[PDB]
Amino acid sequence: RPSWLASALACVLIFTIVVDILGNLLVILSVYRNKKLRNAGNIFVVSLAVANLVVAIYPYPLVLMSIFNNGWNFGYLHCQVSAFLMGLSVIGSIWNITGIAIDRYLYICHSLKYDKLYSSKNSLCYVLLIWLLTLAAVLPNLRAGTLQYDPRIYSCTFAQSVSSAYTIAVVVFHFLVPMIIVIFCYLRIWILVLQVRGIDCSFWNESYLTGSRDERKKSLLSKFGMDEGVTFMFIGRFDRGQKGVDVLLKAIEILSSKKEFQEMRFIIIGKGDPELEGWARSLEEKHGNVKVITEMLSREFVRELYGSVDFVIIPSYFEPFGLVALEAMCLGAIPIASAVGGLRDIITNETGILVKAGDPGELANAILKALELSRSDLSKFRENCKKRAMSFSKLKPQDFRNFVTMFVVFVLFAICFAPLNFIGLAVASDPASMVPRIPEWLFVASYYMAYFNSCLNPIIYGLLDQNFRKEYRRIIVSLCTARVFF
């Protein structure tokens, strides 16, 4: 390593210390100052700012002095405490990040189900549990003797080579586990935003339908040359592994032998596999209560169908966003759909029948259950379907930018700490052999990239959040503009 490399690392820490202290003090002040930033959900933000602030006050300055000293001149006590506080900061950061991810996911869910805004009643209570969990994780390292000075990075930290069992547990429980939780939270938020964006209440609206539902159904069934009965509808691509038309076709065959089949009517709409197109056409010939439509219908006629049929069958294997289920629910069509992502998020227990995907027996039984439902039970189901669709459209004028800032805060944390945890696993495999087998440049960059993270969040809040940006300017001016008397 050259001479300039040591001076380069010192610049990174000097920048980190200054931007951490000044920036995170602004983050704390802004939450207190701004009325819009002042909320229970932002207690986790202050807790994360405190976590970041800890390392800048005592650990980082000792690391900076150690670069110029080219060794540890502060004894064992300062080495033990400096390493312990680095643990509390790093562990506290990832768990506060999960705390925000769970808080935000619970916010969108509350916003859909209720008219009153989400108030994080136990926000401070969860923050106190995070620091009780953080303390429980970093404390065993003092008695285990896994905290020591590393000459390569000029600091006292957790030695990945002391105990592999401690190293693996740190990676698994305090990186992999929190990440899985966070990814699941932001993936579920993103799908719910696309469903809010996707729905169109100006098109999929009962206002466009003139007559009564019973009148519209009798008219629809008469056009297809069928009498009155519980009408079921399918509208999807004909394939063997995605939309599940094959599950529906096999379910009709199971039902055809039953005495209850006479009371049923089926409208299968779609195109795809010619073999599946033939199977549907075969059932259409054998049974006068089964009608197949292979041509492509207009949105106008599909909307007419949703407002006429009793049930919409969504027997999909994989469905990311159940826009079809919401569009059907808009016009009071009760969905019988597979318990798959998107569909499980849309269809509640009071707004439809949920079925195990890829089971023709479970679908046939669900169709039998749907059949034995009186006009009164049906009217309440349709009412609930409409109420559920309304809550999605309700969230359209909302500003979803805060969800993006929080996601960037996490994404940058993951980028900063991913190489360190990968090196951790590589060292844990063979502590004696992998220590020289790992390049010094990679090890040094991974630690200082992780250190640089302690000053990133105040920069992110300023660049992406308008409330934080406005307050940074407000505080900077207020503290530098003198009061005078003319």
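We number the residues from 1 along the sequence you see.
Comparing 384 to 392 with 239 to 247, the stretch with the higher mean C-alpha B-factor in the PDB entry is 239 to 247. Across the two stretches, 306 to 314 and 357 to 365, the PDB entry reports the greater mean Cα temperature factor for 357 to 365.
Of the candidates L373, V193, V290, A333, the one whose C-alpha carries the top B factor in the deposited record is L373. Of the candidates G198, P397, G352, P320, the one whose C-alpha carries the top B factor in the deposited record is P320. When all modelled residues of the chain are sorted by CA temperature factor, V230 is found within the lowest third. When the modelled residues of the chain are ordered by C-alpha B-factor, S207 sits in the lowest third. In the deposited entry, the Cα temperature factor of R213 places it in the middle third of its chain's modelled residues. Remark: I459 belongs to the lowest third of its chain, ranked by C-alpha B-factor as recorded. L48 sits in the lowest third of its chain by CA B factor, as recorded in the PDB entry.
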